[PDB]
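You are given structure tokens for the same protein chain in two forms, set apart as structure 1 and structure 2.
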Structure 1
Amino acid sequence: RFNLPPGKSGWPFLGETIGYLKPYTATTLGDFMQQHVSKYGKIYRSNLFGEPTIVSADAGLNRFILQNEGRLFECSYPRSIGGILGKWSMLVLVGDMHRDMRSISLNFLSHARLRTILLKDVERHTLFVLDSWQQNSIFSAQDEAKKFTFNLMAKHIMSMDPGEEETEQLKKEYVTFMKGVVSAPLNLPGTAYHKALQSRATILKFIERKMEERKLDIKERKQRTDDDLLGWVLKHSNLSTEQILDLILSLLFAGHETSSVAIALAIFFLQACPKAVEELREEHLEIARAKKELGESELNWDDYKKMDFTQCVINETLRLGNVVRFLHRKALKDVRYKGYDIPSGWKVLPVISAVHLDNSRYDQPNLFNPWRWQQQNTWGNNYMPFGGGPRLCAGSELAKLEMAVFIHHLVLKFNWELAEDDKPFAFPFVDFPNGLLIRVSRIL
């Protein structure tokens, strides 16, 4: 009756989940996806995570899925997300409650707030990390990136400063909590889920205590009470305690996991594209030399808009690295696309990273070429690293600012090279198996 996309169901229980989760180099789609697209085409069926699933490497189909969030498709991630991130996190909320949460999230990340608060902390925390590097020393660029993004997010969310007692204790506790979501079940035992569950409860109690402190700050009419998400939400919304807790915790995870891997990806690519670092250094030299002319030390929004080639490397980094491999969706209706039926209730996985590596939309897609973006543009459906539609990444602008400011001072202060062989891998979460060990050398 239905003209389902071609494919197989795999093992009766496991389906094709094992093969689908098999690690692969992050600059490709993997042998599993590559072979399935070659045999069945860009739209095929499978059984993944216990559900009959339609896998889409089709750019047009993926844009259609993303644009019709709430109409024909619906966010539907495995229960691990809802269990760890909370039933009030944006990833498990749909409808009005997701609307409110997303608007609260965007109201806090408004352009005005992104132009003042967030910008200074981004450069502030950027130098805090970069100022401590020492040349000829071999350290993990991945660890350092993670330190930058966590410090920054902890500041924006709860006004927590790097180096405090509660900050370092939060990082240690967050390690265990984070594995409940980003972790390879093929690697990590199931026990980790319950350990991640008990660290979530621990972090929630901490967040609630800080909520009580901020509530006393607001009661006593103390200034700067909107500077962190916790304070802003208390004054400018009527969320409950449970909803605030989930919001702070999920956003910490959201802002931290993606940003750190993005920055680490830029560091990896640039190390192999000296020409891009050379031209990057000129772009930021003539931006800084113009800052000294005015006796300026802090960055302002205008300096950011002057970085046009960094926005190219950013696009090229997200295009090639693919922080997010695919999204989880569910069909709300019987849907037809390119003569293929997607029956209601079926899982649908838009592989948003597929178009980025399609050699019919990009010339030599597996080559890090930042200059392709003076030709190409981010309109259409050739570029979708942040998803799209009603669930377009609400922090995409902050993430680009994070990458821009960090590259700014990074190229100004150091050259760098790979300390040992290392490639990004998708587990499907992107990670450098050897920590991306690098070696820097200051410039003169």
Structure 2
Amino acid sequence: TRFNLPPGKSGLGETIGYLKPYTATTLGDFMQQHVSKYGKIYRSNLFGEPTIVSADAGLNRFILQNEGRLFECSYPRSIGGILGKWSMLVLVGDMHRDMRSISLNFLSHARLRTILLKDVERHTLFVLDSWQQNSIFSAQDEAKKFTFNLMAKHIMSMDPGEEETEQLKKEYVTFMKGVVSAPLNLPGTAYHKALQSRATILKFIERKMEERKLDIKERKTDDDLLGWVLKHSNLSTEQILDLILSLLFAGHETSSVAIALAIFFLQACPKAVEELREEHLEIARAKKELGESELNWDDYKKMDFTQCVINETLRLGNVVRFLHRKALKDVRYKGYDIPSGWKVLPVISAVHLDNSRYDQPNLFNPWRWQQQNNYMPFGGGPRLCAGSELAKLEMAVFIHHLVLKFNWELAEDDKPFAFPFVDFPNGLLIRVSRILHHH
């Protein structure tokens, strides 16, 4: 083959072993064994392609920052099949840049600080005020309701707990299993089921688009993303559809996982919950003195220990395990040959769990962040998560009201696994009890 390729078993495929589920607060047996035997940069045959796998933090940074120059986003076909050819995980170059710009304006700082913050709180309370005490229920399911409803409101003005919002959410439950499965469009497979849901979702959104276009004729309307792209962009119908469909997927499957992880880590770390309660009680009490009832951006900026808990939740729990890229030309990195056209997987989660970068890396220790290259849960470079500031705001507002209203406990054993999407197999069943006297 090539003398300076990274070592490996095989440049004979290893996809099944690579994808075998593992405990989400580790890298799993397959990755650990390959790194122990071959080193942090190794070769394999994965997803049908010769592949370089990187658990090396410096190479991962280099890959992400040289997007569009030496490396390019290159996901398996199931992603583009389900999220669409105009989604941001498929688009490259100028079209990707323009889609990203639209996304950034809509999670733009100004809109985020004002209108979005206020909806985030209202949706947090819609969920928390429905919870019954001393009754087993799935925290993972409730977190996805919160974040999906919030996105449906922001993108298409859909109201939470209305029938059409609940039915739309049910369609999204098929997506993640389809995205990670073989792209066999055959009756009964997970990919076929997600494509059927895609068809249903697309029909729903395009009907709402046609209604909104009539509304804009009769001058009734651009306060949500759908209205915005209709009036202020020249995207085509299909481009709008994939933008909306894929942002609702992000609303189902990203920050909801993070919130479920936080609820799990925190019930095993009561000292962190006590310190969160002090922080949030002080914010609430100050607001009550002023007569304020809604959070504002200045309140959010006070949530310093909450940010420590958010950073630690993302570091330990690793919502995203690795990203898909390909080499755009031959790259020779510290002696290793990365040939043109090969797949390249930056395992962004690896640096988070490296005991030479983080003391006791498998421990939930939010104080490692307090008053404090090694942290990339949102990716990096020109594809750095465009929702990251909304994701942190959702987590923080949800924790704010969670710790003020309730104590909680696990109803049974559970722990998160990576499939590679992160999921609590037993649903993170909890019970809550209402706090009647704060300290």
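We call the rigid core whatever largest set of C-alpha positions still superposes within 1.5 Å between the two forms. Numbering runs along the sequence of structure 1, starting at 1.
- The comparison between structures 1 and 2, aligned on the rigid core, picks out a single residue among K147, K179, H356, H284 whose CA moves by 2 Å or more, and that residue is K179.
- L188 shows a C-alpha shift of 2 Å or greater between structures 1 and 2 [criterion: core-superposed Cα displacement of 2 Å].
- The shift recorded for the CA atom of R209 between structures 1 and 2 is 1.1 Å, with superposition on the rigid core.
- The shift recorded for the CA atom of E293 between structures 1 and 2 is 0.8 Å, with superposition on the rigid core.
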